[PDB]
């Protein structure tokens, strides 16, 4: 049966999972949490090991913990390298883009003033720390992909991160020619091109409606700081 993604109708921590499944050409279904009662019913069913989402029903498992879910999908669909060392490189690269996109998780919950500050913080991290690191990886081996000269989860996570940064600062990739070429190549891969196309399950930049729903369902995150 198709994987079922339990989360809010928005990006959050589930977006990277949507990306990986789409990139692997895997059709999935989604169950959106829209009300407090719906969440309480979930808690009572005990299907959320730690009372939290993301949660993905896949291959008989009720998998929680974002990274555990991604690790599983990457491995199942051969996007995790060919051995222990390649997986280590993929994990190291993913850790970097996970931190980068992680700095944007609170963004929609921030005040107008903090959004400006956070945006500057994220762009600075991208241009001074992360983009230089990945540009160097590509420059050092000169291959089209980050690891093993073939598409991996690391490439998919980086493309998503690059797009999120560009949504905040359109010219953020300026000065990183290899990443620019990388962006075009990965975006053209059939499964990925389809995901970036209209009508896909890719979610938009989070808005006030998303925040309102998260707060209504979880009764939390009422005062987020940068």
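Residue numbers count along the first chain shown, from 1.
Set 36-44 against 175-183 and average the Cα temperature factors; 36-44 ends up higher. As recorded in the PDB entry, 119-127 is the stretch of 89-97 and 119-127 with the greater mean C-alpha temperature factor. Taking the deposited Cα B-factors for 153, 103, 134, 109, the highest one is held by 109.
The entry lists a Cα temperature factor for residue 27 that places it in the highest third of the chain's modelled residues.
Placement of the Cα temperature factor of residue 71 within the chain: lowest third of the modelled residues, per the deposited record. Ranked against the other modelled residues of its chain, the C-alpha B-factor of residue 214 as given in the entry falls in the middle third.
Among the modelled residues of its chain, residue 65 has a C-alpha B-factor that falls in the lowest third, as given in the PDB entry. Ranked by Cα temperature factor within the chain, residue 167 sits in the lowest third according to the deposited record.
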